[PDB]
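S.K.: Protein chains in written order, with PDB author numbering: chain 2g, 1 to 431; chain 1g, 1 to 431; chain 0P, 52 to 101; chain 0Q, 2 to 618; chain 2f, 1 to 37, 46 to 438.
In this text, a Cβ means the ideal position worked out from N, Cα and C, and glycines have one as well.
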Amino acid sequence: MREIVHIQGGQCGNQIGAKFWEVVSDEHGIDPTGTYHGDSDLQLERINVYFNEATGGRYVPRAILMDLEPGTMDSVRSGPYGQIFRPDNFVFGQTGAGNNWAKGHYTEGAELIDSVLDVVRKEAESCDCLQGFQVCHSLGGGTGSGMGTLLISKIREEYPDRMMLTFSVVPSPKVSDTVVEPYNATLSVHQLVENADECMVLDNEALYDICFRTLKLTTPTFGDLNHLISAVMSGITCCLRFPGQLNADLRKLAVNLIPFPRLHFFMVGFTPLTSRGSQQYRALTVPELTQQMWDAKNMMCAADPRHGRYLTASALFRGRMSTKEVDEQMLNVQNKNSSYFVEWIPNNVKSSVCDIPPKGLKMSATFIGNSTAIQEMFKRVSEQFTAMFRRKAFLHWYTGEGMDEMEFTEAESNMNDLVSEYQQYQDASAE
Amino acid sequence: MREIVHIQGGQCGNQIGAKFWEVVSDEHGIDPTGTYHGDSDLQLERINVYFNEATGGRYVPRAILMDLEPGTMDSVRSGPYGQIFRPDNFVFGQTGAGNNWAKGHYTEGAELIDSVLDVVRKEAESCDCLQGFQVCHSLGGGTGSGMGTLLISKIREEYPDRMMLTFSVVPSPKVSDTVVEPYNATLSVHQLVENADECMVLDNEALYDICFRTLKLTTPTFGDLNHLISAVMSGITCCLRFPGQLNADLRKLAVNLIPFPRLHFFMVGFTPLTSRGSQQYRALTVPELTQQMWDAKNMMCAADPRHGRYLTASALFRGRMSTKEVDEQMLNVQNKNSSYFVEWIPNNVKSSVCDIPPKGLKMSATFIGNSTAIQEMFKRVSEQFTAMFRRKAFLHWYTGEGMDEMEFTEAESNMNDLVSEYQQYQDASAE
Amino acid sequence: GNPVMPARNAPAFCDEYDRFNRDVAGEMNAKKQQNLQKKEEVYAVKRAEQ
Amino acid sequence: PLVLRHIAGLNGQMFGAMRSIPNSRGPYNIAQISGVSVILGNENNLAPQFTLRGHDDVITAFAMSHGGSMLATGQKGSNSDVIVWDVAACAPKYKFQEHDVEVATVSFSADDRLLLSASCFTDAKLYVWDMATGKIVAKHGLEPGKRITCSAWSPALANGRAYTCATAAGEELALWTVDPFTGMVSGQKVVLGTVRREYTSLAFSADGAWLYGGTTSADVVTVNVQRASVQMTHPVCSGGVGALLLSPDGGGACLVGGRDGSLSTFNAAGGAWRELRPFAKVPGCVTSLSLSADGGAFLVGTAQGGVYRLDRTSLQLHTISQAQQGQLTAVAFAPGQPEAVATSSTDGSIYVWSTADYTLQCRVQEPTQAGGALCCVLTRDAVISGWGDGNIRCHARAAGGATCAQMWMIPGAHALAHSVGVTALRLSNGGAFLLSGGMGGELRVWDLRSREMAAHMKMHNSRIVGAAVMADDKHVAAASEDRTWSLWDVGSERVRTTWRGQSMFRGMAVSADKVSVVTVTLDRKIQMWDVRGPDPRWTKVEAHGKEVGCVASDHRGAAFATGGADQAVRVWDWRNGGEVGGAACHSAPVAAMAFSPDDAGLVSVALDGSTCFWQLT
Amino acid sequence: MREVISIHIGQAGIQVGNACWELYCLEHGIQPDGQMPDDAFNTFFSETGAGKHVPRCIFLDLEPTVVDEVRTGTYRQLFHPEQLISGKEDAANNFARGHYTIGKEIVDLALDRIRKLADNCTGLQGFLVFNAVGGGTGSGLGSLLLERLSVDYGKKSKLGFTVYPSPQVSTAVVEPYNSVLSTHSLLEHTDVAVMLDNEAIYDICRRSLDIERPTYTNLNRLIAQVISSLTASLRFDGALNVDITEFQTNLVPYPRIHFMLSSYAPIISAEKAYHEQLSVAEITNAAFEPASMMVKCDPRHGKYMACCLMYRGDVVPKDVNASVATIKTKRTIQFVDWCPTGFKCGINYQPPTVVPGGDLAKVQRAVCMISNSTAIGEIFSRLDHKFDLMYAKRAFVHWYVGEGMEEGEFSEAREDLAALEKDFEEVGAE
Ligand SMILES: Nc1nc2c(ncn2[C@@H]2O[C@H](COP(=O)(O)OP(=O)(O)OP(=O)(O)O)[C@@H](O)[C@H]2O)c(=O)[nH]1
Ligand SMILES: Nc1nc2c(ncn2[C@@H]2O[C@H](COP(=O)(O)OP(=O)(O)O)[C@@H](O)[C@H]2O)c(=O)[nH]1
Ligand SMILES: Nc1nc2c(ncn2[C@@H]2O[C@H](COP(=O)(O)OP(=O)(O)O)[C@@H](O)[C@H]2O)c(=O)[nH]1
């Protein structure tokens with residue numbers, strides 16, 4: 001009865017949202033038609049968090065799809081679960097943003113943002129009680145980042161108290177897809193710091209590394225990365241949708257994770273990720289899940305936690321498990337790796353337990369870590385942004401859309417200040 | 001609950017280990033798919049010594065396969081029991097050691113040894129209590145001897161108190177497979193003397209002789225020799241896995257066998273080995289088993305014990321048997337062959353009884369003899385090594401992989417010192 | 052098959068049952084009683100013959 | 002002597018588990034997959050059925066030959082064999098042991114001359130076999146790990162040099178042109194174009210060049226075979242597709258099933274607008290669609306284990322049979338009523354059946370988080386079942402087919418942080434109390450009037466399977482995994498006994514006389530025990546080829562049945578042993594069973610879901 | 001006549017209330033439907057004209073999931089639908105959220121239903137408030153409800169069976185924060201507050217019940233057994249009857265000092281049961297053992313001020329006198345120099361009933377030892393530095409401030425806990 005309004009932005013955001021809705025519908029026993037075929041009461045017990053009931057048994061996701069080019073949402077509609085979404089929630093332009101954050105935030109996003117907020121308000125007002133909004137999108141893409149930041153600002157203005165969760169695909173460290181990735185990322189992080197209450201950083205190269213090393217897949221397409229992202233997106237909110245031995249909502253996670261308001265960026269990971277060869281040969285135990293969870297390779301962010309210090313870390317476990325086992329495992333991890341954990345917080349673990357594991361898995365566990373390791377991710381993005389901005393390469397594309405040059409400096413200053421805060425709490429000493 | 005970590009090295013070691021795991025899985029009633037179809041409580045009572053429980057009823061062997069060429073492991077995996085082993089326990093390189101101890105110990109064994117120790121540590125930390133490690137490999141081969149000695153040294157460094165048991169296939173006296181067998185053997189024996197707590201010498205020609213004379217097998221495959229070795233390797237530890245009337249673990253055997261730390265080499269044999277023709281004609285009694293056991297042809301080492309003197313001898317009997325009958329047989333053997341037993345030890349026999357015989361056999365008995373007869377085998381290996389090293393034939397390969405020439409001299413000196421100790425205790429007189 | 056593995060219908064062979072029995076005193080006592088009865092029967096037959 | 006009366010089984014997970022035999026004038030109008038074997042039966046129930054059994058593990062693919070042959074495929078065991086069955090012979094015709102892993106799919110040519118068999122793992126091969134002798138083409142390779150979902154053959158383009166086989170593997174469609182004269186296979190991947198859907202079923206048009214693929218998105222994707230590209234997509238039946246059949250006559254029509262039970266008629270022509278309107282709704286999820294009774298019925302299957310007959314002239318719906326889905330764990334008989342049989346399952350479903358006609362008298366359903374119904378006890382107006390969560394739920398027995406109402410529940414009856422799930426429920430003679438056995442070895446006697454606990458009785462340290470109450474305020478357990486069984490007393494005090502064997506038990510029953518107790522061990526040994534004796538009276542060795550899993554007992558104490566993993570149920574005299582009658586009909590290991598209160602009648606259940614009814618006379 | 005109104009606030013309160021009410025229904029013979037096939049149920053249940061018994065309980069929570077689990081589970085026909093009160097938004101582990109913004113209307117409705125429930129009671133021995141110190145719902149809403157109860161009801165004895173954060177192991181991060189806030193709140197409202205630690209109860213389950221994987225169900229079952237042993241004298245007659253009013257008279261020397269350590273004995277599984285005599289003296293010694301204490305606080309560090317023993321079953325005053333004499337003569341157990349007697353023994357003839365599905369065995373004797381000791385200052389000492397360590401950096405302070413709190417509230421709570429520490433030191437010292 002605590003609703004969540006999902007929004008997808010850009011091509012990457014739309015694909016991630018489509019995969020996520022596919023996974024959630026599979027978990028609730030919802031076929032691409034909206035009808036329930038799950039044969040379990042708990043599946044329909046809290047289905048109203050994500051879905052609304054149609055005239056019949058049809059369940060329409062509370063999802064809103066954004067784009068400036070129609071091809072991405074044509075593909076979304078033609079995908080496996082394209083028919084669950086209400087057609088009125090597909091908001092499309094005609095000319096896509098040319099990987100231009102300025103186009104997606106100022107020129108072309110301005111016209112479509114009115115319709116986007118209208119659809120968002122219509123979806124929110126139908127909700128009994130609203131936990132908040134989750135926005136899935138990519139940093140380093142024009143329409144995605146631009147419209148996502150603009151919409152997040154608008155929703156922050158309209159609903160300050162309601163939670164804002166963001167799944168942002170930060171541009172990858174080593175292999176960059178588009179040239180203007182540093183510009184878009186720098187502009188978008190400035191908005192996410194100020195507006196987004198809770199933000200998750202995802203890197204495609206970290207996803208490739210985890211799917212090639214742990215899953216040991218040979219040809220991982222974007223579908224597999226979207227599947228892992230969808231798994232994390234489901235697991236963070238499964239406590240809302242299912243009974244929990246120690247349940248924890250998004251606001252509880254944010255309260256126990258965010259020490260200071262600006263330091264709300266988190267690296268996330270899902271367990272157990274097992275290769276097909278070793279699926280039988282592994283054993284699903286709480287210690288095994290914790291061991292795989294605290295591995296740096298499990299992180300979906302490029303930054304490895306070993307360099308930084310864990311400010312906080314929430315672990316949402318799913319399945320019939322011992323709370324004593326969970327608490328003992330996480331306390332043992334903290335004691336063993338006390339060097340990697342902040343001293344002035346006696347307990348850096350927020351453990352939650354949910355009664356319903358994901359389909360196919362006896363046990364699971366999603367991890368949300370707030371650590372100063374993300375400082376190096378921001379530092380690298382700034383290291384590229386400064387190099388480009390010194391010679392003002394591609395600057396005219398953003399300048400001609402009507403945003404001042406001083407905005408680049410302001411965004412860079414804000415992002416460097418965030419880096420400074422992360423370093424300060426990395427090397428802060430107790431007393 | 002006293003676990004043992006099995007390690008296979010080289011082609012010969014991998015084949016022997018595969019046959020050994022097949023034998024143990026059969027004895028515990030484990031099908032090649034890992035499920036328990038054994039139909040006995042005692043089989044599952046102590047299955048944790050060699051196996052771990054998977055997600056379901058599957059049991060994963062606590063085995064680690066190590067090699068530098070993937071062909072042997074591919075064959076083992078395609079074999080009948082290739083699917084029980086955890087795929088993560090197959091550590092292989094890419095270019096095999098060309099029968100070069102230097103390549104298997106310094107150049108190519110260096111890179112793979114990190115992964116091998118990683119797998120070993122992962123297996124060992126999972127063990128509640130660790131009796132130790134058993135490493136099956138062949139002296140006189142590049143990858144086998146190389147990483148066998150290297151890994152044995154590393155595991156000795158990591159776990160000093162934990163038991164080390166080795167099954168080394170020493171190059172055979174008369175027929176030699178590769179040219180550099182004496183070089184590899186000389187380099188490996190020096191390592192085993194320092195590192196291995198308990199070492200078991202096996203010779204392919206001794207195995208051929210025993211299977212051609214006792215078994216009357218005319219054209220014995222390597223699988224047959226591996227299966228005899230597997231029977232010995234099972235019988236040495238069956239007291240850990242099954243209840244016994246007078247049980248004796250690996251440490252008890254080592255304490256009762258090794259008089260002085262450097263004299264830890266043993267010749268072993270299995271009973272009752274019967275030819276198919278005379279199987280109905282042979283009647284199994286403890287005296288018959290002992291008569292076959294103390295026969296020199298029954299020993300799986302080429303050295304015959306008649307030349308040397310038995311320092312110590314342990315015999316692990318298996319089956320519903322009279323302790324009086326066993327003890328009387330062993331005392332009578334000592335009295336009759338007192339000329340072959342060391343005088344300054346009043347009782348040279350460590351008799352152990354387990355109540356569970358192997359599959360198909362009413363009774364069995366595995367023998368482990370520490371006698372000065374091993375002197376002649378090491379003497380022969382030195383006779384070949386010195387002849388080759390005087391003219392420095394094939395020395396340039398070992399030199400170009402980066403060991404000083406002085407390593408050969410030191411290894412030869414150590415082997416000669418071991419021979420001298422064996423002769424000293426052969427001709428030592430009481431008082 | 053494995054050469055060590057005894058063939059069926061051999062003095063060495065035992066089924067899966069009669070293995071894991073782990074009872075020596077009872078088996079010896081039963082064999083002793085059977086041998087005593089057989090010896091008494093043999094003596095009876097010899098007595099009848101004489 | 003055991004006589005098989007009826008087998009109720011259907012592999013509801015498979016798409017196409019049941020299928021008609023076209024133009025079948027003789028017996029055996031339908032063929033169903035239930036497990037290891039194939040149930041070849043007549044369209045009308047209460048008729049003899051045959052059991053095509055030549056496999057060792059579950060069946061992964063079932064194919065008809067459009068009248069003339071059936072085909073089932075194996076799974077694992079290194080013997081994933083493609084076995085061809087003949088309608089008239091009812092015997093295996095060809096046995097292709099060429100797939101190292103389970104055969105993913107199998108299909109027959111429209112002219113019943115070629116046979117397509119596709120594996121997926123470590124050897125992915127499109128074997129095409131001729132009806133005479135063996136194979137025609139080795140393979141085309143595919144790729145390991147690509148789950149070949151379904152396959153179909155083109156009715157057209159049968160010039161002897163071409164045969165268009167459509168194969169849906171995950172979200173991939175491939176058209177395979179096969180030259181059987183030269184034995185070549187060319188595989189063209191269909192250009193999707195943002196069309197990513199999981200295809201449940203495939204079917205070509207009558208004239209070809211139009212392949213209809215039903216998807217889980219309730220859509221039929223029409224693809225141009227000539228261009229090998231997705232042409233269009235239309236929604237057909239909300240819920241999914243399941244089974245897609247060509248219309249019996251049609252203009253361009255195509256009958257579509259749905260997971261909602263809807264059956265509609267989709268035509269490629271008719272514009273982009275459909276406005277779905279089913280002509281028939283069946284209860285459950287449609288997975289099979291065919292035509293039989295001289296093409297007068299539509300013979301629609303269900304994922305819920307149901308087979309239904311839909312008339313074509315008047316759309317009349319008549320059920321044929323129902324199959325309990327999952328691993329069936331216990332069988333119960335009403336204390337005096339032989340007409341009602343209760344069968345439980347690891348799935349949260351219990352079926353009370355009328356043994357006269359094998360119809361579903363009533364159904365008990367519980368959510369999956371409530372464990373599985375691991376034991377059952379039937380009453381004149383109640384169904385008491387012990388589940389995998391340790392709870393004992395009693396439901397109001399209904400009639401005519403309906404979801405039963407849960408009258409009450411003993412909560413946490415057997416759940417002690419080391420073993421959950423009560424097994425081997427028993428009712429007191431005449432009805433006074435309820436004996437229950439936990440997964441850890443605790444026996445519990447419960448009052449029936451007040452549902453209060455009356456005795457907790459904890460000596461056995463492992464799973465209880467085979468508890469039984471004597472004729473007077475006493476009871477006894479079986480205690481698997483600890484190879485002993487003890488007769489107890491309701492005064493919370495064990496009365497001696499505690500007889501230990503040598504192998505772990507699996508079931509225990511008590512005869513009509515209060516002194517005879519039968520146990521079955523994993524050593525495939527049946528042990529007879531006298532309560533007055535310290536040792537078992539005798540033991541029968543190698544009762545079954547594999548482990549025995551369940552034992553029963555007639556209420557007269559004359560005979561007791563024994564079912565094991567050999568899929569064969571045997572009958573043994575209580576005192577003399579021997580085989581009164583034995584037969585193998587379940588397509589799985591037999592998990593539980595129950596004698597009828599009267600002389601005639603034995604009802605057994607299997608691990609696959611097969612319920613076999615037996616006449617003992 | 002002896003009605004006691006039960007309040008269960010937060011997930012922990014409700015999850016221990018499930019065990020408590022299962023135990024009460026089993027003890028009184030009440031079926032989960034609501035009716036039984046006397047007047048001893050009046051303490052916990054009120055009977056209707058139809059014969060159906062409803063518990064005098066109130067399940068308060070700001071999260072719907074926990075209460076809906078009860079509404080759908082076994083006891084859906086037992087509890088009153090309006091008595092189960094559910095909020096719309098969880099407190100999110102924020103004391104400010106649960107005490108200032110969300111909890112207002114919920115607690116007002118709670119007072120409404122509590123007044124309605126008290127209207128059905130001729131007498132009223134008191135309230136049993138079961139909450140969780142360390143969570144926004146339990147701490148904030150529980151504190152607000154306790155304040156309202158103190159304001160309106162007045163002198164009614166409110167026994168708070170609070171669950172406090174464990175020393176090292178925990179599940180939350182702002183747990184020290186809202187724990188200190190809740191302690192400051194309830195220092196002046198509850199009459200007798202019983203401390204419970206999850207770490208201590210986990211150790212009890214591991215060592216005594218041999219459960220290597222204890223869970224909240226086991227913990228709540230143990231707490232329910234303790235509370236049933238506490239209330240047994242209200243429902244069942246026995247020699248040396250002890251009352252709710254007699255607790256705080258015989259256990260509280262000074263109003264500030266009202267926190268109680270609780271120890272149940274024996275704690276044995278069925279397998280280990282009936283292997284030892286389990287005599288009165290042995291079970292008393294086990295109850296006074298530090299390991300059996302349900303708080304991670306070694307009593308040897310402090311000194312006992314009072315000890316009330318509640319015996320259940322076949323217990324004779326001669327045996328209890330001998331056992332208490334041995335306890336007094338024991339050197340390890342140390343009482344304060346200013347309390348000569350320090351003992352309140354009370355026997356009951358009704359043995360504690362065994363919950364089916366519990367790990368506790370059927371024992372003919374049971375002891376619930378509830379003690380006031382100055383050692384309990386140790387847990388406050390731990391929270392006082394776990395609080396200020398974060399408070400130096402003002403971590404998570406913005407969350408609490410956002411829902412209508414001030415830094416002054418944190419300072420006041422910390423100073424009040426320091427005053428509690430000094431009071432404990434003063435009473436302990438001669
Ligand atoms: N002893 C015991 N403690 C519990 C149990 N369940 C939860 N807790 C404790 O209760 C604390 C939080 O309780 P609650 O405040 O009710 O949690 P909630 O219902 O989500 O409400 P908020 O956390 O305030 O938003 C946790 O820190 C746990 O330590 C239980 O079953 N037994
Ligand atoms: N994980 C994932 N990442 C994607 C996907 N599609 C695109 N991306 C990444 O998202 C980044 C930005 O592209 P995007 O924002 O979608 O382009 P836009 O929609 O025009 O703004 C690119 O660098 C891609 O690597 C997808 O399906 N999954
Ligand atoms: N008993 C036995 N001996 C073997 C087997 N395979 C190889 N050998 C012998 O072992 C000796 C060493 O070879 P090996 O170490 O396996 O070669 P490597 O793996 O390249 O180092 C050779 O001389 C072979 O005669 C086998 O399967 N069984």
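Any residues in the segment 484-507 of chain 0Q with a beta carbon nearer than 9 Å to a beta carbon of chain 0P? Which ones, in chain order?
M.R.: Answer in chain order: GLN503, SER504.
S.K.: Report the neighbours of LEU523 (chain 0Q) on chain 1g: residues whose CB is nearer than 7 Å to its CB, in chain order.
M.R.: In chain order: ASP39.
S.K.: Please name the residue or residues paired with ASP205 (chain 2f) in a DSSP beta bridge.
M.R.: The partner list for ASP205 (chain 2f) (beta bridge, DSSP) reads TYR172 (chain 2f).
S.K.: If contacts are defined as beta-carbon pairs under 8 Å, then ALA601 (chain 0Q) and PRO590 (chain 0Q) qualify, I think. What distance do you get, rounded to the angstrom?
M.R.: That pair is no contact at about 25 Å.
S.K.: In terms of residue numbering, what span does the beta strand (DSSP E) encompassing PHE561 (chain 0Q) cover?
M.R.: First-last of the beta strand (DSSP E) with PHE561 (chain 0Q): 560-565.
S.K.: Residue range of the alpha helix (DSSP H) that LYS89 (chain 0P) falls in?
M.R.: Where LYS89 (chain 0P) is concerned, the enclosing alpha helix (DSSP H) stretches over 75-100.
S.K.: For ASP431 (chain 2f), name the three-state secondary structure that DSSP assigns.
M.R.: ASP431 (chain 2f): helix per DSSP, three-state reduction.
S.K.: Which complete alpha helix (DSSP H) runs does the segment 264-321 of chain 2g hold, if anything under 4 residues is left out?
M.R.: DSSP runs (the alpha helix (DSSP H)) wholly in the segment 264-321 of chain 2g: 286-293.
S.K.: Quick check on the DSSP output: the beta strand (DSSP E) that includes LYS362 (chain 1g) runs from which residue to which?
M.R.: That residue, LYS362 (chain 1g), is in no beta strand (DSSP E); it is neither H nor E in DSSP.
S.K.: Once the 5 residues before and after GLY319 (chain 2g) are set aside, which same chain residues still bring their CB inside 7 Å of it?
M.R.: Cβ within range, chain order: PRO357, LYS362, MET363, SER364.
S.K.: Does ligand 1 have even one heavy atom less than 7 Å from the beta-carbon of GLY244 (chain 1g)?
M.R.: No, the beta carbon of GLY244 (chain 1g) sits no closer than 7 Å to any heavy atom of ligand 1.
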